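First, one chain by itself in structure tokens, the form deposited in one PDB entry.
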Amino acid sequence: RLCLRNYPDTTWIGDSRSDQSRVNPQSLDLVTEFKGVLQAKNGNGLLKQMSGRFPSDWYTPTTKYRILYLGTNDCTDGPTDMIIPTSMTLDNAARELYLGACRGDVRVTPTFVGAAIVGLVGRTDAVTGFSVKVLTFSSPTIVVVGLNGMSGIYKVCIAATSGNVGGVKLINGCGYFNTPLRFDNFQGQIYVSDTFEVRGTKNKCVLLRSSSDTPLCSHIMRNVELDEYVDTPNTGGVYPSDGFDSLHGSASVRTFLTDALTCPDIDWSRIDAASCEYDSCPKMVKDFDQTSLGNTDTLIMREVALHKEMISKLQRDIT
């Protein structure tokens, strides 16, 4: 019997299925109260949080423990999200992000961007299809992003009319990076997301399977390789058909999560883990009820005091 840590030192990292504040209950899978911090946003994911669609909803756990239930939305990242030459693959970007949310001492901070000429700061839909901050360069220049020694991942998207990286002609679209970047002969617009910094990795999590209504993309499928991965109810890898719609509100997922979060009388303060099996979990110590011991003392006292009455009479009758 799985027991998940339901305690104020734990952050639940989720998507619409856990977004209790902002999603109609009919579409929730997390339908019990979570005593820790809830960071769950409809439509979001660890890659999607860098897209600019949800500019205020970055995941920023600061607790020792985490439980993750997300990933389905990250399968909308595809080839155009790793098309800038020298971009990380989505497989490797996702691995670093999921490891970071699970184990990491993480932050979200502004990414360095500069250039050999003054760029124009504005916002536009022309790079991604929705409004993000851009720098516009109206003549060709050197553009630099990130800093040597950095430890984290950021997303870049470009709409360039010229430019190369190390002599390789740029291709318009996006990419993920965990090192500094330099574009030469660059003209056009550039979006750079904040950096998801991942420093030390001694925090702890459970990673609950997030299923889609189609087979998972490779970069989220590979989360099965992490020691923290725990299966959740699914039908051949696909989200169950017992919900409100094909993607939300599964009765069996709800029962799985609720049961795992309502183990009775677990003293979470006494185990350094984001979960435990019920029989092995440390249990709360309770007040001792001494009423039954007191009843025995009374019943014995009764027979004794009546033994005293009897004895005296036997003593007199023997006189």
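We call the rigid core whatever largest set of C-alpha positions still superposes within 1.5 Å between the two forms. Start at 1 and count along the sequence shown; that's the residue number.
**Student:** Look over 103-111 and 154-162 in the entry and identify the one with the greater average Cα temperature factor.
**Tutor:** Between 103-111 and 154-162, it is 154-162.
**Student:** Return whichever of 189-197 and 227-235 has the greater mean Cα B factor according to the PDB record.
**Tutor:** Taking the mean B-factor of the alpha carbons in each, 227-235 is higher.
**Student:** Which has the highest CA B-factor per the PDB entry: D125, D74, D81, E96?
**Tutor:** The listed residue with the largest C-alpha B-factor is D125.
**Student:** Per the PDB entry, which option out of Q39, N44, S56, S252 has the greatest Cα B factor?
**Tutor:** Reading the PDB entry, the winner on C-alpha B-factor is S252.
**Student:** Which third of the chain holds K48 when residues are ordered by C-alpha B factor: lowest, middle or highest?
**Tutor:** For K48, whose C-alpha B-factor we compare with every modelled residue in the chain, the answer is the lowest third.
**Student:** Lowest, middle or highest third of the chain for the C-alpha temperature factor of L257?
**Tutor:** Middle third by C-alpha B-factor.
**Student:** Which third of the chain does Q26 land in by C-alpha B-factor: lowest, middle or highest?
**Tutor:** Middle third of the chain for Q26's C-alpha B-factor.
**Student:** Where does the C-alpha B-factor of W268 rank in its chain, lowest, middle or highest third?
**Tutor:** As the PDB entry reports it, the C-alpha B-factor of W268 lands in the highest third of its chain.
**Student:** Consider only the C-alpha atoms of the modelled residues in this chain, order them by B-factor as the entry records it, and name the third containing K169: lowest, middle or highest.
**Tutor:** Answer is highest: the recorded C-alpha B-factor places it there.
Below, we refer to the form deposited in another entry, which is not included among the displayed structures.
**Student:** Examine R22 after superposing the rigid core and state whether its CA is displaced by 2 Å or more between this form and the one not shown.
**Tutor:** After core superposition, the displacement of the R22 C-alpha between this form and the one not shown stays below 2 Å, so no.
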